S.K.: 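The structure is given below, and queries will be raised subsequently.
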There are 4 protein chains.
Amino acid sequence: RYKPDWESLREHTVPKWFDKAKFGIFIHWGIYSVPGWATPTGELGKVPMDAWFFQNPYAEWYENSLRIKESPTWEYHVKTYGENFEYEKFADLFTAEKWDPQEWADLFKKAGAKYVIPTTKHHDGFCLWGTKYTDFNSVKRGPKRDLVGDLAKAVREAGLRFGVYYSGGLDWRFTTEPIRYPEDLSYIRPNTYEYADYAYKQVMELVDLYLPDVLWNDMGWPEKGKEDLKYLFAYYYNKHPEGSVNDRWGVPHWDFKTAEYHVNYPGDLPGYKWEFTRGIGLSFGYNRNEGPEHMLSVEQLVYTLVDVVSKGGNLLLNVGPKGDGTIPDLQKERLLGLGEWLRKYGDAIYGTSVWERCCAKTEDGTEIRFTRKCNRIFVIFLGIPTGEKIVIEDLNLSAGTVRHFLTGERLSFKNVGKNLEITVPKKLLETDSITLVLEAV
Amino acid sequence: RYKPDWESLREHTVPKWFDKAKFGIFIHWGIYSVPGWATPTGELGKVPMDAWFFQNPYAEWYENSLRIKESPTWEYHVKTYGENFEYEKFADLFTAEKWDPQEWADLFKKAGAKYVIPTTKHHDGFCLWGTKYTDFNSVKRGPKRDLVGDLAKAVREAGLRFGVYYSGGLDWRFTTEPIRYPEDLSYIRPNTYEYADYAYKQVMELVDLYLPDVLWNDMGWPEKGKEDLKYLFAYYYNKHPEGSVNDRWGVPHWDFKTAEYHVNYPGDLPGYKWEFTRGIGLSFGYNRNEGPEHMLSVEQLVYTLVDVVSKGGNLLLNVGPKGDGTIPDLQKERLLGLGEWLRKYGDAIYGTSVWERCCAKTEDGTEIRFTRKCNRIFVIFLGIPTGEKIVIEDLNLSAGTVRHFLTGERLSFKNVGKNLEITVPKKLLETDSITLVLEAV
Amino acid sequence: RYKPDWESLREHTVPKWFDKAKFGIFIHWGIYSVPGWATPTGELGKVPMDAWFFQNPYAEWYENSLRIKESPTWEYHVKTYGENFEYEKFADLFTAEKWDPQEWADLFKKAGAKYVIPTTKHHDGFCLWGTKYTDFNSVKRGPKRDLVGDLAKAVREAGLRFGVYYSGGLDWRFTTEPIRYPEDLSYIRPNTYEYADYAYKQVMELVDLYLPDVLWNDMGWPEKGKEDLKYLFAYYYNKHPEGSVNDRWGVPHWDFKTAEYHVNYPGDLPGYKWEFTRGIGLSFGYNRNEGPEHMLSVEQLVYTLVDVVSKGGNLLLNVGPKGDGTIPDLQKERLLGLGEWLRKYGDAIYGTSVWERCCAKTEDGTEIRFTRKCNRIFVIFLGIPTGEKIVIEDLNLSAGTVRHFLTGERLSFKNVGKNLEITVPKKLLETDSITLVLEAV
Amino acid sequence: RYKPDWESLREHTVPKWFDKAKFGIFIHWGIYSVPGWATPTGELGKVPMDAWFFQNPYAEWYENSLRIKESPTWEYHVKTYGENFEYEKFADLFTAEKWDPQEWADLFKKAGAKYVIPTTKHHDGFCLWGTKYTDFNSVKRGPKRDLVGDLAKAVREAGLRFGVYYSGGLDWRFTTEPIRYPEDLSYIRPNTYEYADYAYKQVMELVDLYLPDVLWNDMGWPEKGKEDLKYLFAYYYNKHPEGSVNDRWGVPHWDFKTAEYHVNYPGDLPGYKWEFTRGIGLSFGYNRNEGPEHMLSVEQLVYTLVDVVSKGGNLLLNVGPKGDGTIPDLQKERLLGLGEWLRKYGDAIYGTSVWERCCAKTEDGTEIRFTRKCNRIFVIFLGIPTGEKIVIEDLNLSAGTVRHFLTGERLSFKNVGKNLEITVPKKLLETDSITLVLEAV
Ligand SMILES: C[C@@H]1N[C@H](CN)[C@@H](O)[C@H](O)[C@@H]1O
Ligand SMILES: C[C@@H]1N[C@H](CN)[C@@H](O)[C@H](O)[C@@H]1O
Ligand SMILES: C[C@@H]1N[C@H](CN)[C@@H](O)[C@H](O)[C@@H]1O
Ligand SMILES: C[C@@H]1N[C@H](CN)[C@@H](O)[C@H](O)[C@@H]1O
């Protein structure tokens with residue numbers, strides 16, 4: 001058994017299934033999906049933090065932006081919904097009338113994802129399950145439905161792993177003042193013993209009702225409640241050894257680390273398992289203001305996934321549904337495009353390990369990423385070279401046999417100085433889709 | 001911004017407005033005002049503590065006295081209200097039917113006060129505002145009115161600062177046993193995590209609804225809740241830099257210290273800002289048993305204010321209203337008398353600083369106090385000398401010019417040995433009211 | 001860079017070299033090696049603990065035993081050396097006259113060990129390096145030599161890893177009373193801040209002088225110094241990322257766990273990296289009283305090694321040299337025997353991983369262990385069966401090819417029900433040494 | 001009496017003498033003054049921190065730099081003094097052969113400084129007084145003299161205040177590894193209880209032997225000794241109420257805050273007392289590599305002083321003497337230049353307070369700073385305008401009288417819109433030295 005102390009909990013390491021999964025789907029869905037609006041300012045890590053909360057690109061932070069008067073959100077809300085329409089009132093408009101969880105589960109499976117993590121409770125404190133610790137939840141208001149539960153059944157039916165996102169660090173149902181500057185986060189928090197118990201009780205309830213594969217907390221865990229985690233993590237691991245927790249609790253234990261947009265993104269192999277998360281656009285929650293110009297293209301999603309994976313992480317790509325339970329076409333098309341590349345190149349991604357190095361580039365700048373499966377080394381070009389002669393800078397191979405991944409064709413190569421030169425017939429280059437993939441043995 | 005740690009909060013010092021205000025009005029008003037009764041035994045610091053709680057002069061401690069059977073209060077209650085009339089039941093008789101907050105605000109302004117602090121919640125735990133954390137409050141019972149709110153508007157309308165008194169340390173809604181000896185205070189306290197959250201939540205709510213100029217806590221802050229103060233004080237100071245807190249929280253920070261009757265009263269300059277508090281009589285809450293013999297006279301209020309001020313403090317003088325919202329004539333007349341002296345001598349009090357020394361006396365025992373305004377030194381006699389020749393013991397002046405404050409008349413003086421001799425024409429002595437005031441430059 | 005906090009230090013996991021090494025050599029050597037005497041009572045975990053300290057089989061515990069009057073050690077010592085003969089005096093008799101560090105390293109490399117960990121300081125507080133925090137060390141006393149540094153240089157020149165053992169939890173130079181019962185360990189420890197500093201300073205010193213590959217602490221870390229380990233570990237990992245620490249510090253962090261004789265020995269796959277340690281006999285320090293009846297035979301060492309590796313562990317086999325620095329023949333022969341077995345079967349041990357299960361057994365009781373290297377599964381029998389027909393219980397293989405490891409010869413097999421049947425030609429069974437080994441692909 | 005608790009110690013505020021003094025002299029002098037060498041890379045706050053320790057402009061950090069092999073210091077040292085030349089050896093070469101404490105004090109009083117604070121012990125752990133806790137001090141080594149005591153006696157005889165600087169947070173006599181990156185500061189510290197005692201004992205010793213006016217700690221206080229400061233501070237204030245402490249202890253209490261070069265420099269009125277410190281050049285310790293290109297000119301010192309004072313701070317200007325105890329001419333000339341300016345404009349600096357605003361500027365870009373003394377407002381231009389017509393932006397005065405400070409001559413002025421227009425006769429503008437100064441009443 002695991003014991004409730006960090007030294008014992010340290011015995012639990014990231015489960016094998018998570019390490020091999022590589023790709024998961026995040027879902028930021030809640031009453032903020034109804035107004036579904038934000039100023040698409042930029043990417044976290046690139047937007048100056050002196051402005052960020054005033055021009056917040058995260059549509060799920062709508063309530064916080066609403067509280068800052070004369071924030072673009074406040075202007076939009078007053079003209080659209082009125083000055084007398086409290087944020088909470090969106091719970092009545094959040095109906096999920098067109099929601100079909102098996103349809104989501106199928107799209108995620110078709111997209112190539114192996115696990116799904118919905119927001120059970122984001123910062124606004126609204127719970128997407130029939131929690132018994134608050135009436136501000138989807139069973140008592142809005143959908144009159146247990147979204148977390150119904151989605152967990154659908155996802156598991158599709159054979160995917162199901163995890164839960166919980167906002168332990170923030171709950172605007174316990175504060176009145178908005179966050180305007182990063183500094184405010186140091187003191188505008190629930191702060192009470194009451195809140196530390198609520199958060200513990202709610203995650204315990206998520207463990208009891210759905211036994212999730214991942215406990216993905218956000219924004220730290222209330223200080224007064226930190227010692228509780230030893231007990232919660234043991235309780236969880238004893239019911240579900242293959243369960244896993246992220247690194248946003250602020251305590252000694254975690255099974256995998258996280259990076260969000262530019263924030264904490266590794267430049268090379270990090271030495272521990274991690275997971276990169278971002279939305280398809282600049283928001284997590286649905287933003288009606290984003291168009292294709294604010295979103296990654298299929299190509300960029302593939303290069304992204306490849307880079308993350310060659311560095312040992314998983315890609316946790318966020319989908320932001322509308323209040324009605326539908327997934328916007330722009331998102332769906334990107335997911336399906338990724339799923340297509342994965343159906344074709346999945347073997348060089350899933351179940352792979354990192355190699356000695358993650359990266360290389362060709363003489364004319366095409367980036368290259370590596371992954372491994374025992375003796376097999378996959379060479380994944382972020383792009384398809386135009387000519388047949390390829391020169392990879394700073395790489396030698398002692399394999400004696402390099403093949404073209406898709407066809408299996410054995411190819412001609414040789415170590416030329418500090419480089420590796422290979423000839424790939426144009427007929428093969430023409431068969432690859434977004435990436436030229438080679439396999440060295 | 002202020003950060004939630006004592007080292008950062010230390011940057012906040014007493015606001016300039018508070019330091020210059022000199023005089024404020026305390027208001028102990030609540031359901032204890034209805035029975036409005038106590039044995040006027042004596043002054044805190046003079047009554048032996050082995051008897052104090054059994055013959056409590058603080059009428060606001062009525063409930064605690066009621067719980068000690070065979071306490072004079074218990075005898076009075078049973079004969080007047082009956083053995084079956086619970087203390088809580090007074091909330092139904094507390095109607096404030098004759099209450100006029102603008103009338104109070106005007107009396108306080110006329111009295112010369114610059115800030116007003118009502119009891120939002122005293123030890124009996126009854127809240128004079130529509131708090132959402134208890135139904136034992138003035139909006140749900142008694143007046144069916146938000147007294148703190150309506151009084152805050154009235155006081156601000158009169159141009160005075162508004163602060164709030166909160167009993168963080170005691171709440172008899174969380175205990176059953178009475179305090180009989182000082183020792184009991186060490187353990188008869190709410191004690192729960194629940195109470196530490198309630199107190200934090202209620203002061204946060206007072207900050208949110210009324211943004212007070214002073215947070216005047218009493219009886220210490222619950223131990224389990226002490227770390228919360230770093231967050232509460234930062235939250236408060238960031239919303240209201242010019243806000244201020246007293247020294248009864250039991251934590252590193254405070255903006256000004258307090259003395260109550262004889263307790264902690266400085267004998268000379270203390271080196272930090274402080275505030276002296278007391279009722280006009282021996283109680284804070286209305287005591288129908290006090291007559292003029294238990295109250296300070298206008299003269300004694302003036303000497304009091306002068307002494308406090310010459311030592312760097314403010315006088316926080318308590319008014320105890322009746323259950324109907326009226327202020328007893330004996331109190332009102334003393335307030336107005338003080339206001340009259342202040343209209344005349346205000347310039348030697350308001351906005352002043354301490355001098356090198358606070359005190360001196362005349363050859364025949366008249367006490368003298370000093371205050372300052374840059375180069376101007378005010379010499380305030382606690383009384384009006386009979387003869388024209390005045391000899392101040394142990395004082396020399398290097399001003400070359402001493403005037404009679406009221407008229408401006410230049411007077412004749414000279415340093416005679418270790419003394420200062422001055423001649424004040426009887427026509428001038430006859431114009432002064434309760435104090436001879438001289439001005440040296 | 002690792003930061004000095006548990007959450008950050010958790011980013012460091014057991015290094016690859018340690019995971020792949022499988023076999024290392026422990027060396028308990030010090031002044032207790034001079035008397036080299038204990039009553040070989042039995043194995044830790046089997047001998048009742050109410051008798052253990054009184055008849056301690058760990059010869060390195062001689063001083064503690066000596067402190068227990070009329071314990072077999074007391075009597076032996078008084079009869080051999082006399083009552084006017086303090087334990088410390090052995091420091092002067094510890095001359096290591098015949099020590100040859102390169103011979104030790106040649107021997108351990110021949111035995112098949114990939115790392116060596118000598119006792120730099122055992123419970124008696126005698127230090128084997130020229131420490132500057134105590135004069136009770138090998139440079140000042142006895143050998144007049146830096147034993148730790150000289151062995152480190154030889155071990156590393158032989159191509160092996162070098163770690164250090166340090167008794168952080170016990171130091172008899174700071175106590176006077178012996179440990180008589182397990183409970184005594186809870187209060188009879190140095191206990192002072194002075195000792196906490198000393199232990200911190202000496203491990204830091206080992207790190208700065210030798211930068212070891214393993215920091216092997218024993219008996220917990222002084223409670224007063226536990227917070228220091230956050231800094232010590234970050235400082236160490238920042239200078240040597242491939243460095244490692246065991247799990248006897250009593251803090252949140254460790255890279256691998258440990259089991260001693262029967263204590264904490266896993267019966268199955270534990271799920272984290274660990275290391276098994278024990279003496280070739282029943283003691284760690286040299287014991288002239290042990291005969292071959294008290295030691296493991298080469299066959300049992302092989303079986304011990306295999307069991308350990310199949311379960312994900314490393315064997316840290318202890319060698320106990322004499323005071324003159326020679327390794328007793330009984331131990332050298334067993335080391336060589338194991339080295340020989342490893343020279344034949346090494347490929348199925350070094351660099352392997354655990355399989356789905358660690359263990360099986362034939363229909364006739366022969367135990368089997370499994371190890372893995374990608375698609376290759378090693379089937380290691382703990383013995384060599386007599387008949388060519390072998391029936392393994394409760395096992396089915398989906399390999400389609402099962403070879404005899406040493407010869408590489410393809411073997412006939414089929415899954416018969418819930419069993420696996422293999423025919424091993426007598427010629428092949430005769431080729432194997434202590435273990436029949438098969439390889440499935 | 002102050003009690004040893006933060007709430008009580010908070011009763012002590014910055015003393016009047018320190019608030020009124022405005023200008024003091026810092027002295028970084030020790031054995032590092034002998035090599036007196038650094039690469040004058042730039043100012044702290046501008047030089048990237050990933051290069052700063054490798055090209056440290058603080059010559060007093062010589063030992064740390066020397067510990068970084070092939071850092072410009074390492075190379076310089078090996079070429080000048082050799083590889084067989086330990087840093088400690090400079091202690092013997094530090095002879096202060098030409099030191100004359102009264103000459104130093106005469107110089108600082110001429111410069112206009114009101115207090116002097118020498119380094120009693122910098123990061124290298126060398127002590128400049130006959131401490132009894134270490135032999136690595138000036139009485140036993142090099143000068144054979146109590147530098148701290150002798151300078152204290154001379155400074156005080158010159159009529160100035162005397163404080164002491166102590167490196168509580170760093171002492172390289174307890175570490176071996178150099179600081180290479182800012183992060184290293186989080187774990188490379190003495191860390192022991194022994195060090196916490198030593199630091200406590202030495203500051204106590206400074207207090208008992210010299211009763212300094214300022215306790216200037218640097219680099220935080222050892223975590224294990226932070227609770228000791230409650231006692232140290234009470235003990236100190238009880239012996240010397242006018243004593244003071246800076247804000248580099250990392251505990252709740254401090255009397256004034258600090259800013260170093262660009263680090264923590266306020267752009268406006270901070271609201272608490274503070275002190276700015278920096279070298280005349282880019283180093284604190286003497287650096288023979290600095291020329292006048294690396295130093296502030298007399299004009300910039302004046303401007304620095306004014307900016308600081310207008311914002312409520314004091315300037316603690318650092319002087320870096322040579323190993324022989326003489327102050328380099330480049331520094332002595334700038335000290336004298338500033339002293340001259342202070343002899344003319346002192347009345348607008350010493351004893352002043354901040355005004356409503358610290359700053360303004362003319363229509364043509366000349367910066368202006370304000371200071372106050374009761375009803376007098378000093379308008380200090382950072383330069384001397386060329387034209388007699390001066391237009392100050394965004395300022396209106398209700399004084400009715402504006403004089404030219406040096407001559408006292410009444411000037412013509414009027415508020416023109418949102419500006420202030422003054423005519424300063426060319427004769428007067430020519431009388432001023434580095435700053436045009438006006439006085440409004
Ligand atoms: C995955 C993202 N995490 C951030 C907190 N860093 C959230 O604020 C954001 O809304 C989203 O949930
Ligand atoms: C101002 C006074 N403070 C005391 C606590 N010392 C209270 O017990 C009393 O009722 C009144 O509120
Ligand atoms: C490896 C062994 N560890 C035990 C501590 N349980 C020691 O008591 C013993 O001396 C030996 O060092
Ligand atoms: C005044 C300056 N303080 C810094 C510490 N930040 C020191 O590193 C430097 O040597 C000098 O003493």
Side-chain angles (χ1 to χ4, degrees), chain B residues 26 28 30 32 44 56-62 64 117 119 122-124 165-167 169-170 179 185 216-220 246 248 258-261 263-264 277-279 283-285 316 318 320, chain C residues 26 28 30 32 44 56-62 64 117 119 122-124 165-167 169-170 179 185 216-220 246 248 258 260-261 263-264 277-279 283-285 316 318 320, chain D residues 26-28 30 32 44 56-62 64 117 119 122-124 165-167 169-170 179 185 216-220 246 248 258 260-261 263-264 277-279 283-285 316 318 320:
Chain B
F26 225 170
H28 281 59
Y32 43 75
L44 188 67
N56 207 323
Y58 288 0
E60 69 284 7
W61 277 61
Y62 190 99
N64 189 74
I117 310 179
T119 46
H122 205 259
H123 308 339
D124 64 2
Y165 166 103
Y166 185 81
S167 177
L170 298 181
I179 297 302
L185 288 160
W216 209 105
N217 184 62
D218 204 0
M219 288 290 207
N246 71 348
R248 303 198 169 193
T258 63
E260 182 168 330
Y261 288 90
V263 183
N264 302 317
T277 199
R278 64 162 295 157
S283 185
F284 285 81
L316 177 58
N318 182 78
Chain C
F26 222 168
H28 279 51
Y32 43 85
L44 179 72
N56 207 324
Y58 290 3
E60 68 281 13
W61 273 66
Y62 191 100
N64 187 79
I117 301 176
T119 47
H122 205 272
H123 312 329
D124 67 7
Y165 164 107
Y166 187 84
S167 180
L170 292 175
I179 301 303
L185 286 172
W216 217 101
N217 184 59
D218 199 7
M219 294 290 304
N246 70 347
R248 292 187 180 201
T258 56
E260 191 167 316
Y261 287 86
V263 191
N264 295 309
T277 190
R278 61 162 297 161
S283 179
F284 288 80
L316 179 55
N318 184 78
Chain D
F26 222 168
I27 305 164
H28 279 51
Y32 43 85
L44 179 72
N56 207 324
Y58 290 3
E60 68 281 13
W61 273 66
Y62 191 100
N64 187 79
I117 301 176
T119 47
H122 205 272
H123 312 329
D124 67 7
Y165 164 107
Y166 187 84
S167 180
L170 292 175
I179 301 303
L185 286 172
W216 217 101
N217 184 59
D218 199 7
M219 294 290 304
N246 70 347
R248 292 187 180 201
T258 56
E260 191 167 316
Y261 287 86
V263 191
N264 295 309
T277 190
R278 61 162 297 161
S283 179
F284 288 80
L316 179 55
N318 184 78

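When a ligand or atom number is given, it counts from 1 through the structure's own listing order. Reminder, nothing fancy here: chain letters follow the sequence lines and each chain counts from 1.
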S.K.: With sequence neighbours left out, what residues match D:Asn318 under side chain to side chain contact (heavy atoms under 4.5 Å, CB included)?
M.R.: D:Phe26, D:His28, D:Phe284

S.K.: Please report the shortest heavy-atom distance between C:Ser283 and C:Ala59, naming the atom on each side.
M.R.: OG-N, 2.7 Å

S.K.: For a quick check: using heavy atoms under 4.0 Å, what are the residues in contact with ligand 2, sorted by chain and number?
M.R.: B:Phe26, B:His28, B:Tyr58, B:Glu60, B:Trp61, B:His122, B:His123, B:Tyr165, B:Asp218, B:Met219, B:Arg248, B:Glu260, B:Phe284

S.K.: How many angstroms lie between CG in C:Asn64 and CG in C:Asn56, if you round to the nearest 0.5 Å?
M.R.: 7.0 Å

S.K.: If we ignore hydrogens and angles and just use 3.5 Å, is the side chain of D:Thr119 paired with the main-chain N or O of D:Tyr165 as donor and acceptor?
M.R.: no

S.K.: Can you name the ring pair (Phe, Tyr, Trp, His ring centres under 6.0 Å) partners of C:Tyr62, sequence neighbours left out?
M.R.: C:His77, C:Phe90

S.K.: Would you please name every residue forming a side chain to side chain contact (heavy atoms under 4.5 Å, CB included) with D:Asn246, sequence neighbours left out?
M.R.: D:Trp216, D:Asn217, D:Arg248, D:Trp249, D:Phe256, D:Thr258

